[PDB]
Amino acid sequence: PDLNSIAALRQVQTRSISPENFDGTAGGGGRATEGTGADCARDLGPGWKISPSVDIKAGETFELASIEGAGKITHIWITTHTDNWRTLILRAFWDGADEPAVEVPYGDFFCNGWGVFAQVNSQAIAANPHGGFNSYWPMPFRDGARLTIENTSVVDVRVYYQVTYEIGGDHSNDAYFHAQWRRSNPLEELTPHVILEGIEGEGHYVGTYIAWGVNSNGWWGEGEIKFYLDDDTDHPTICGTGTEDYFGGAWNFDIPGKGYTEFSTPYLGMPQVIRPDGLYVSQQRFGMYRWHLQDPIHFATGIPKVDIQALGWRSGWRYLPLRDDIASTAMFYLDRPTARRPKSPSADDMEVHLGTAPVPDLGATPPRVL
Amino acid sequence: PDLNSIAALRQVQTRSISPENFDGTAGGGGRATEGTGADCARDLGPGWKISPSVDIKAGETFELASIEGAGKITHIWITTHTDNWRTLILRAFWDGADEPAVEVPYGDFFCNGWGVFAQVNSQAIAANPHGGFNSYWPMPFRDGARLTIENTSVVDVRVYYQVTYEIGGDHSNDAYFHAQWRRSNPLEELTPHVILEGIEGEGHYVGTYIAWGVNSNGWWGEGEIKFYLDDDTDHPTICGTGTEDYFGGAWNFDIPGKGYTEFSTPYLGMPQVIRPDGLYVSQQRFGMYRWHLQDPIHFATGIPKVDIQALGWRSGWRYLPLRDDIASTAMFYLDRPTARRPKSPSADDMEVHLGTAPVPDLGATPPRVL
Amino acid sequence: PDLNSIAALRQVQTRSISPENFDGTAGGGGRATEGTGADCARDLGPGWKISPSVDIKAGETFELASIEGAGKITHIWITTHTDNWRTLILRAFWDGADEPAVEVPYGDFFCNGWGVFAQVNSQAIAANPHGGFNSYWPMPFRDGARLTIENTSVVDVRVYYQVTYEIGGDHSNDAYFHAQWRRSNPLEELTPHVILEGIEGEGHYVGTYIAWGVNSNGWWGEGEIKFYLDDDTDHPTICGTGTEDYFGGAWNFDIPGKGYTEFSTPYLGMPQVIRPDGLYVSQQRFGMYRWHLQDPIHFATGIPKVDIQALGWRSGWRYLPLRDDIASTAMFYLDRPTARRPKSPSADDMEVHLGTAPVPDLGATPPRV
Amino acid sequence: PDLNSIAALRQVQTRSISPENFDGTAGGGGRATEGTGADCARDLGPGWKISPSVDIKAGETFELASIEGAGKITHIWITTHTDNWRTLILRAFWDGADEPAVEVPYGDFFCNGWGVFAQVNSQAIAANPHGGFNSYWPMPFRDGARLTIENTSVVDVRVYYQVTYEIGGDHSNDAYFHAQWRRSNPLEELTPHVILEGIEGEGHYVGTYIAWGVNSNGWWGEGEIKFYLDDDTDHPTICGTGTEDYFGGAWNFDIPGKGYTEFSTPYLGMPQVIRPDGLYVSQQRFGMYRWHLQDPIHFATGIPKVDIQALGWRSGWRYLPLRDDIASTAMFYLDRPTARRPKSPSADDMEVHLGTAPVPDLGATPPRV
């Protein structure tokens, strides 16, 4: 429900999967006698926070949640240290499918793909101090749900999480939640950055998060977003007017006398502006989201292409093709649990620089000395 | 309705009770010739802000709103000076019930339990400069409604209010809105702070505001929330992983280089961080809220217990049971107009220090000096 | 002697026990070839700071001093790191007794019960940069003395110390030095904090140090101190008028426009004000001492009770009973080497949070991790 | 006793007189059911700070302490709001005498004659935040003692106090404590300010506190102190070399690059420097004390005169006789309970401006409007 409909009596059950209730059973929480907090509770009884988190060994995948039957995820809360935001891969599989519908680097799913905490005050995503990541995207499913997180790094990783969902609804006409990630670094000359390609089915596009690192001086966001829907081949159905325009800003996000200004509204934001520090943090980077909740982009047959140009300015008032560092996360609902995906994100494609030192390992927490 | 459904035509009437229209009648507003504004308008006349507020004498209860028939409150606005935020009790009675379904200290109901204004940008609660307290919790009723505000303080109190409601909808399947408040100060050793106890009926839990003052050094919010629903006894169905975790945050609310950081999002917030001033304002305090609107916690026959652990840190990585000052406000919808309640809040249990002086009466507005 | 009487020739001997002369014997100092400094002097010979300190293993007790016969301790210097100020227990045993007359956490004995250095300029106690702890309380004894320090913590600790004493002169009529510790956290509703209880004998009360952490807003120091002496039962002989009053301050220690002001005088002080930093050091705390040296509180048959009220302010000009964090150290002289004392301090009720980080182990030196 | 002698056992009783124990009797404290704190304790039970203070109505005198028999006051603690430091007169009468031995404005007794708080860390006098006034001057008597506070102001005042004393000692060769006050505003030209005059008996001079407000530019402390003792007539036995000199400073109290510097040591101090604010607080004022404790100034048959010159500088390296505002408090011990005194201080001669506003009533707490 929502504020408007919260009062209606509904025959629904609410369940919640955490490290204190791995399977989310009724009456099954807080029973652990082993866990990451056991030694901490050694002078207290059982039931005093024995199992708040899990450790995922380097290279391994952990099953956050396994649900049987029909249901709908209504709220995901999760945290881990910033160092892992671009080493963990978050995946969701609906209805027993062998391929995931959601396959995203952890940080980007919460508009935090740079490993530097940015506050996000939106409706679908809340990202709160410090690295408290919340997803309210409804994720309904008809015949099972699997959520996993893969630690592609060389170090062991600690993760806290809480997956809340509903049982007892009819999801026969609910679509499946999908999310996909692509990174161009550096984008090829005069080539749009692909956001989505080759999606088949009925559904609607509902979200874009972009992490953009700029390699040219001047304004970098002239490029237009383009939605090729259904029958479209060589020209899109929805064509935009700029990068900041798409994300609801205008005129370079530039408030006279203040510069680039972070903002974060229910459907539109640029929650992140990273400014170089004159030493080893040398890349100017941006994070921007737009949710199409009141204005979804429906498609009856498919989405052949969603892409966005990367244009700035050069002398003589000419557009400048940008060789920039662009990562997109596209959110969409579909009447199937799988669709064409890009190649799985590798450790190497995902990597951003860890700290503020000259070497990632020197600014990791704690530093890595080998 | 909401933004998505606001265009639809509906056979519904809107009414609003205020000191300028005490009973809400149509054509009934602005007729006062006596009131708190009458002398202010002695050179004007009737119709020029004659009756904007009410004066509630010390000890006495004022009936904000009496409504007959079926209806639904859609928006409450109310204000009063900060000195009264923890001396007034807000109450709501549905369907002619002898007992209140809402029984809350005034400030807590708007996430402001400490008497120090804090901005709240949430969906259900908006608290604005300076002490503009707004509630958008829908409160449906089938056979009448009464709202009251009790002045438990030794001074007369001024209150402005605007209670907006609808007539003409079907509430036979709408739950009733409830809210309950409990404070433990200091929390007993090894004792979860009880948020909600013994609720019988069908319904769903939708909101927590906690006012927390900390009596140990170090981090204070390791403790987990536990929801015992339906048949639960010894173990909860939903077990949390931490106090900041439950409220959408992570890692102590601690942004590196900034410390505790206030935030306020549609469903999650720590709107308030009170820092000691090194003189008479010596208690470090927090206010936190979570609304379970997209993700309500349902129950079919009851809520035996909701509670939250108060755990900090001791040497040797040991949880420290905290003897802290913890006040909780719990919001839930129920299919009955009454339910098991804590003891009624009293002047002594609600009291927080007034102002910044060594004596509450010195810092009151105006100073009492009696 | 003192400044007034220092010129007099006296048939007295001065000795001094330190890690460089463990038994304090004439000509016994500086002989070590092993000790905590030996390797530091590997390129120098012996006699170059070979044994300046001792290491005390986790859990273990170390005998600082053992003196045979009659004497008087005249000055104790001692130091150790911040993290050990509320983990070490200092004890003194007089005349071969099995029960100690002094049983006090290390830091409280030098007005430093919070593990944060505060300068103390008093006559009996001098606490100097950084953690140079000095006691000049004279401690006479007739038939032996033992000083011990117990490491109740889980780590090993370094201690430097120097215990200076005198042999000669009659302690026929010199009382014994006693010191006892009690902490209420949180204090019971509307209940005085006990400072001293059930003491029997002849003597005089000479010292109070209190470490006070406040859990209510407003002014916390209205409570009066009360001395029940000799035949007293339900009412005291000496009844104070406030907490800051007892400690020689007034009007909340609050100098207008500057707030709480630390001071330290020969007999009266508030040497420590700890203000919260708005992050993990969230407790506002105080350190206060009064030495009754020119104005001893005598008793002839005992001290039934010494207590102090914990009172602040509530709405309506009402006292507010304070559920506060109060630790007291009482100093008194007694005509017996033993007295009835509280339950020994444990590691747990002594513990104060270490450092400024979210977990004590993260703020320890070095971090425990 | 003191630190050097604190350990000795002594057949002495300690008593303390306060608003909570008006007569100091054993088992007598904390019994009140009426008092200034009774309404404050209305929600608590008996014994919770019912009687911590006294209200002295405008114009009236209040008897702080009345003691019968032999005894010795060992410590006085007292406080009241700064507005009253120069409207209250503190008096002490020994052995039933009809005239006081101590007759001093309240603030001056504690080196605070200007109504602006100044820390004093001295041996005999401790003045602590904010207005905690402490005297450790021992005051022996042989046949009773009376301590009074006179409120010469037109408003009611609140006082908190604690008078601690001993019984048991033999005071038959203990002198009586005396203190006297004299103000010259403005001092007549080329006329020494009289500190003490015509004292008859055996004793010793033990203290000077001077409150000095300067009405000429340049350095104001050239003038030197003179003690006329015993058979002295036209010339003194002790002749000092300067005003800062007498108070233990040198070269104008002026540290290069810092100006006048406050300091408070066990016997010597300039605890107070008051700098004009450029508006209504326009008088540059100083507070200075010297205790002659280790160096008492002895007399066998009396003190004809103690005085001090007020000399500054004019052009041509000539002394400038100063028309200055000089109040002194002389402490001395005498073998008699009474001595020759100045006129009692009046409200008008004691008055100092209250606050910082144009009119004293506007700067009082609260304003008298």
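Numbered from 1 within each chain, the chains take letters A, B, ... in sequence-line order. Because only heavy atoms are used, hydrogens play no part in the values below, and waters and symmetry mates are left out as well, while side chains stay in.
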**Student:** Are D/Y106 and D/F133 close enough that their ring centers fall under 6.0 Å?
**Tutor:** yes

**Student:** Start with the C-alpha distance between D/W181 and D/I89, add both sets of side-chain angles, then the distance that settles side chain to side chain contact (heavy atoms under 4.5 Å, CB included), and finish with yes or no.
**Tutor:** CA-CA 10 Å; D/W181 186 85; D/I89 306 171; over 6 Å; no

**Student:** Counting only heavy atoms not in D/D277, do more than 12 fall under 6.0 Å of its CG?
**Tutor:**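 Check passes, neighbour count above 12.
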
**Student:** Answer yes or no: is there a donor N or O on one side and an acceptor on the other, between the side chain of D/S18 and the main chain of D/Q162, under 3.5 Å?
**Tutor:** no

**Student:** Going through the distances and angles, do D/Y333 and D/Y176 end up as a ring-ring contact (aromatic ring centres under 6.0 Å, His included)?
**Tutor:** CA-CA 5 Å; D/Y333 284 92; D/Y176 304 85; 9.6 Å; no

**Student:** Would you say the rings of D/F286 and D/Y260 are close, in the sense that their centroids are separated by under 6.0 Å?
**Tutor:** yes

**Student:** Taking salt bridge (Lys or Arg N to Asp or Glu O under 4.0 Å) as the criterion, tell me which of D/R86, D/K343, D/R183 meets it with D/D349.
**Tutor:**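 With D/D349 as partner, D/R86, D/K343, D/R183 yield a single salt bridge (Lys or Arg N to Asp or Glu O under 4.0 Å), made by D/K343.
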
**Student:** Report yes if the distance between the aromatic ring centroids of C/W313 and C/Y319 is under 6.0 Å, otherwise no.
**Tutor:** yes

**Student:** For the CZ atom on D/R368, are there more than 12 heavy atoms of other groups (residues, nucleotides or ligands in this structure) within a distance under 6.0 Å?
**Tutor:** yes

**Student:** Would you mind listing every salt bridge (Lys or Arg N to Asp or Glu O under 4.0 Å) that reaches into residues 54-68 of chain D, with sequence neighbours excluded?
**Tutor:**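 Residue pairs passing salt bridge (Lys or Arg N to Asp or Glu O under 4.0 Å), neighbours aside: D/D55-D/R158, D/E63-D/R146.
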
**Student:** Is a donor from one side chain sitting under 3.5 angstrom from an acceptor on the other, for C/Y246 and C/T208?
**Tutor:**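 Yes - a donor-acceptor pair under 3.5 Å links their side chains.
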
**Student:** How many angstroms lie between atom CD1 of C/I238 and atom CD1 of C/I225, to the nearest 0.5 angstrom?
**Tutor:** 9.0 Å

**Student:** Tell me whether D/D43 is salt-bridged to C/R314, with the criterion being a basic N under 4.0 Å from an acidic carboxylate O.
**Tutor:** no

**Student:** Do side-chain atoms of B/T356 reach the backbone of B/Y280 as a donor and acceptor pair under 3.5 angstrom?
**Tutor:** no

**Student:** Centres of the C/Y209 and C/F247 rings: under 6.0 Å?
**Tutor:** no

**Student:** Using 30° and 60° as the class limits, which term best fits the ring planes of D/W77 and D/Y160: parallel, tilted or perpendicular?
**Tutor:**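 Perpendicular: the ring planes of D/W77 and D/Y160 meet at over 60°.
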
**Student:** Parallel, tilted or perpendicular, judged at 30° and 60°: which one describes the rings of D/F62 and D/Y161?
**Tutor:** tilted

**Student:** Are any side-chain N or O atoms of D/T152 and backbone N or O atoms of D/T87, one a donor and one an acceptor, separated by less than 3.5 Å?
**Tutor:** yes

